[PDB]
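Peer 1:
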RNA sequence: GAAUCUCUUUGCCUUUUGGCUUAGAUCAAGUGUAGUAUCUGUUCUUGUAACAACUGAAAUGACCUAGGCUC
RNA sequence: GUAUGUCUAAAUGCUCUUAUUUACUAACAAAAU
RNA sequence: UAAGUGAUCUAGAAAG
Ligand SMILES: [Mg+2]
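Residue numbers (the entry's author numbering), protein chains in the order written: chain A, 591 to 698; chain D, 2 to 115; chain F, 3 to 48; chain P, 7 to 42; chain G, 1 to 97.
#1: Please report the distance separating the alpha-carbon of residue 72 of chain D from that of residue 82 of chain D.
#2: What are the uninterrupted segments assigned as beta strand (DSSP E) that are 3 or more residues long and contained completely in the segment 601–640 of chain A, given in chain order?
#3: Grab the span of the beta strand (DSSP E) containing residue 67 of chain D for me, first residue to last.
#4: Please name the residue, chosen from A:629, A:683, A:687 and A:612, that lies closest to residue 595 of chain A on a Cα-to-Cα basis.
#5: Check the Cβ-Cβ distances between residue 5 of chain G and every residue of chain A, and say whether any is below 7 Å.
#6: Establish whether the CB of residue 26 of chain F and some CB of chain D are separated by less than 7 Å.
#7: Taking 7 Å as the threshold (C-beta atoms), are residue 20 of chain F and residue 78 of chain D in contact?
#8: In three-state DSSP terms, what is residue 30 of chain F?
#9: Residues bridged to residue 97 of chain D by DSSP?
#10: So who's on the other strand from residue 49 of chain D, going by DSSP bridges?
#11: Taking DSSP as the reference, what is the three-state secondary structure of residue 73 of chain G?
#12: If you measure from the beta carbon of residue 39 of chain D to each beta carbon in chain A, is any gap under 7 Å?
#13: Using a Cβ-Cβ cutoff of 7 Å, what residues of the segment 5–18 of chain D are near chain A? List them in chain order.
#14: Taking C-beta to C-beta, are residue 33 of chain D and residue 48 of chain G nearer than 7 Å?
#15: How about residue 84 of chain D and residue 97 of chain D: are their beta carbons less than 7 Å apart?
#16: Beta-carbon separation of residue 11 of chain D and residue 600 of chain A under 7 Å?
#17: Mark residue 51 of chain D as exposed unless 16 or more other C-beta atoms lie within 10 angstroms of its C-beta, in which case mark it buried.
#18: In or out: residue 185 of chain G buried (at least 16 other Cβ within 10 Å) or exposed?
#19: Strictly below 8 Å CB to CB, what residues from chain F border residue 58 of chain D?
#20: Look at the Cβ atom of residue 114 of chain D, then the Cβ atom of residue 44 of chain D, and state whether they are nearer than 7 Å.
#21: What does DSSP give as the partner residues of residue 675 of chain A in its beta bridges?
#22: Does residue 600 of chain A get closer than 7 Å to chain G when you measure Cβ to Cβ?
#23: List the endpoints of the continuous beta strand (DSSP E) containing residue 39 of chain D.
#24: For a quick check, are the C-beta atoms of residue 606 of chain A and residue 7 of chain G less than 7 Å apart?
#25: Please state whether DSSP places residue 30 of chain P in a helix, a strand or coil.
#26: Starting from residue 85 of chain D, trace the beta strand (DSSP E) both ways and give me its first and last residue.
#27: Among G:21, G:11, G:23 and G:20, whose alpha-carbon lies nearest the alpha-carbon of residue 19 of chain D?
#28: Please report the residue range of the alpha helix (DSSP H) in which residue 661 of chain A lies.
#29: CB residue 635 of chain A to CB residue 657 of chain A, shorter than 7 Å?
#30: Express the C-alpha separation of residue 664 of chain A and residue 30 of chain G in angstroms, rounding to a whole number.
#31: Who are the neighbours of residue 72 of chain G on chain D, taking C-beta pairs under 9 Å?
#32: What does a CB cutoff of less than 6 Å around residue 80 of chain D pick up in its chain, not counting 5 residues either side in sequence?
#33: For the alpha helix (DSSP H) that contains residue 35 of chain G, what are its first and last residues?
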């Protein structure tokens, strides 16, 4: 089971059944991995910003996207499905915030 | 790590075509894949007697057989197979063929149907 | 479950295989008929 | 067969594991009492 | 690719094996069939490995042929197989080095 | 009377059994359903003469303390 | 839910074939108008 | 002479 540096774990070969049995990590480890991935994503965005790659505004937007899209961006919810509540809350915030923020200004 | 795994990890340099070619090159050398009598799990439809030790293996009894392709097909473009079995008691190689003209099987120097 | 063989390709009693066989026969049979008639005609001529 | 009934249970003491069981977690530290 | 063999000979695994062979020199002489005609093997290590494999095979053959149903024909057949294996082993002990 | 051995009967003996569940379920089925995996052959691989030079290699063993000559 | 167990001394490149699969797994589930 | 305002559940992963 090889770890990407983005924390998305997945298998090298197709595992024989014994191997699979041995190597089913559970709800702890996966959760941890997810958390790490999230961290990387926020940290990655800041790194990008620091590097000339992306504007401050862009960085901010990226961060916002990450925080709202945790749900899509990376499976935490899979492993612990009360993160679903958090996701929902984030979505709600986005809905509220976006409507406040894009009043006279248009969709984008 | 989980049977429904979407994407298997590949190295950062994995020219898929090239990889395939390489595999092919190392398939003639390979032990398994370059052989006949590839394994299979099957229940026995015929319900027959093992000719050596007379062990009455009944219908639907499960075995780890060997399926092999018979080169001489039925008619033209519909294959037929030899399906090896062992008797439980004595280790005599029973087998049978699947001639699809009658929608049924044929015994092949293993046992007799009854 | 019961009869395993029913979930195998090689099993001829599987319906798909049977269908395939029928198709093969049907095509081949048709061809034979086409040729058979011709043969008959030839014989008649002779 | 080995599908088998039984004769007796057990109770043998080893070195403790030091595992953080969920139920074992603290809860109701305060014991109540009677009036007298 | 049920029953493990398929998995083993799945393309990815093969590729991995090839890579290993290329870099570091991990071969599995179990995995490939031993060649028929010796003297198409200039390296010594490879030859040694082959010899080892054949020895192992011979041992395996030996282990099974003393089974209790001695009158069965499989055992008899193996006796010839055993002989063949022995011959192969002998051949592998060629005198080039 | 005492020692022992052989047979029969009674007692003692596996005059027969180490779980539970919907008797565990079923003696039926164009199955459906989910998953997991890649293949066919055909081929590439100058002579003759004269002059200058050497007459001989390899194996292991016989001597001396890996090395040195002889057979 | 893709079972399992024993067993182990320390030729080179080449290309051509595809509108497919000798494909394998059945632990899973089983009805009519 | 007076209709027609608003109430909006959800939400996937493993093993079996
Ligand atoms: Mg279970």
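Positions of the beta carbon are idealized from the N, C-alpha and C atoms, including for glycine.
Peer 2: Looking at the coordinates:
#1: 9 Å
#2: none
#3: 63–70
#4: A:629
#5: no
#6: yes
#7: no
#8: helix
#9: D:108
#10: D:58 and D:114
#11: helix
#12: no
#13: 6, 8, 9 and 10
#14: no
#15: yes
#16: no
#17: buried
#18: With chain G covering 1 to 97 only, the question about residue 185 of chain G has no answer from this structure.
#19: Under the 8 Å cutoff, chain F gives no residues; its nearest Cβ is about 14 Å from residue 58 of chain D.
#20: no
#21: Per DSSP, none; premise fails for residue 675 of chain A.
#22: no
#23: 39–44
#24: yes
#25: coil
#26: 82–87
#27: G:11
#28: 646–663
#29: no
#30: 42 Å
#31: 53, 91, 92 and 93
#32: 74
#33: Where residue 35 of chain G is concerned, there is no enclosing alpha helix (DSSP H), given that its DSSP letter is neither H nor E.
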